[PDB]
Amino acid sequence: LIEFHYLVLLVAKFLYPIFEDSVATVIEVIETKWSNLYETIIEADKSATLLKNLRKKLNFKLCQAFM
Amino acid sequence: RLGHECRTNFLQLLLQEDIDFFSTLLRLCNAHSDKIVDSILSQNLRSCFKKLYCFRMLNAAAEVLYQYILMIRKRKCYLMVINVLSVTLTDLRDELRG
Amino acid sequence: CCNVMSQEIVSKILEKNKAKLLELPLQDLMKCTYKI
C-alpha cells in the first residue's frame, strides 16, 4: 500500500476483519496516507468508510496499550 | 479498589506495591468500563512504558505526556498523536516534514 | 472557548464534591462518559 485508493480500502477492510510496535507504525503511516469506484468497493464490502477506519485504528492503539 | 472508593495514601502504597499483573488488571478494568481513583492512578503513572500506561489510563493526558517526552521515536510519536486526534495535526505534519 | 468550557466543567465538578445536578450537567467526551 505504501509503495502504491482501492488497494488502501481493501487493506482497511482486511484489518477490520482481523480485529506490535511495527504494526502500530504501519497503521499510523496508513492513516497519514489516507473516488467513486473506491466508494462502490466499500459499499460492496459492507454488503462513513473513513470513520470506520479511524475507529479501527483507535481499537488497534488500545490493543497495543493493553499489551 | 472499587470497594474502598465507594485512607488514600494507604491505597497509594498498595498500588505502589502493585506496580505487570497490576497493569493487566487496570487494562481489564478500563475495558469493563468501556474521580479519586482516576487522579491517584494518573499520579502513580506519572511517578515508551510510562507514556503507554498513561495513554491507556486516560482512555488529553496521553497527548500532553507524549509531547513532553518528545520535547524513529519522533515519527512514532507524531503518528500516534495524529491518530488520537483523528491545528495539532498540521503542526505535527510540518514538523515531521522539517 | 474550549479552555473556558473545561474550566467551567472543573468548577462544577468541584461544587458537586440530584435533579438540579442533572440539569446543570445537560478528552472532554471521555470525561463526560466517565461522569455518566
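Ordered by packing density, taken as the mean number of other Cβ atoms within 10 Å over each peptide's residues, highest first, how do B:72-84, C:3-15, B:21-33, A:6-18 rank?
Highest mean packing first, the order is B:72-84, A:6-18, B:21-33, C:3-15.
Under 27 Å between alpha carbons, and skipping anything fewer than 8 positions from A:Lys57 in its own chain: which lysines qualify?
Hits, sequence-local ones excluded: A:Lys13, A:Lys33, A:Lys46, B:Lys50, B:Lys51, B:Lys74, B:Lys76, C:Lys31, C:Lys35.
Size of the dipole of region B:7-69 about the Cα centre, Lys and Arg at +1 and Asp and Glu at -1 on the beta carbon, nothing else charged, in debye to 20?
For this selection, approximately 120 debye.
As a test of the formula, what do you get for chain B when each DSSP H run with n ≥ 4 contributes -39,500 (n - 2.57) and the sum is divided by the residue count, at 222 nm and rounded to the nearest 500 deg cm²/dmol?
After summing the helix terms and dividing by the residues of chain B, the value is -25000 deg cm²/dmol.
Return the distance in nm (one decimal) between the two label points of a simple spin-label model at A:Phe14 and B:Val64, each offset 7 Å from Cα along Cα→Cβ.
4.0 nm
Taking every pair of alpha-carbon atoms in the protein assembly as shown, give the share separated by more than 27 Å as a whole percent.
Tail fraction, whole percent: 44.
Suppose each label sits 7 Å from its Cα in the direction of the beta carbon; what would the B:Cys48-C:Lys18 distance come out to in nanometres?
The answer from the label model is 5.0 nm.
Assign unit charges at the C-beta atoms only (+1 for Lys and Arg, -1 for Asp and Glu), then state the dipole size of chain A relative to its Cα centre in Debye, rounded to the nearest 20.
240 debye
Quote the charge dipole size of the protein assembly as shown about the Cα centre in Debye, to the nearest 20; the model charges only the Cβ of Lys and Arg (+1) and of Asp and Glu (-1).
It works out to roughly 260 debye.
With labels modelled as points extended 7 Å from the Cα through the Cβ direction, what inter-label distance (nm, one decimal) is found for B:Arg97 paired with B:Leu28?
Here the modelled spin labels are 4.7 nm apart.
Report the net charge of residues surrounding B:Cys48, where surrounding means a beta-carbon distance below 11 angstrom and charges are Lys +1, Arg +1, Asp -1, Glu -1.
+3
Say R0 is 41 Å: what FRET efficiency, to the nearest 0.05, do A:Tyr6 and C:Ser6 get from their beta-carbon distance?
0.50
Assuming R0 = 45 Å, what is the FRET efficiency of B:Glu5 and A:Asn36, from their Cβ-Cβ distance, to the nearest 0.05?
E(calc), rounded to 0.05, equals 0.25.
Each value in this text was obtained by applying a stated rule to the coordinates, not by laboratory testing. As a convention, Cβ positions derive from the backbone with ideal geometry for all residues, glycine included, and neighbour counts pool all protein chains shown.
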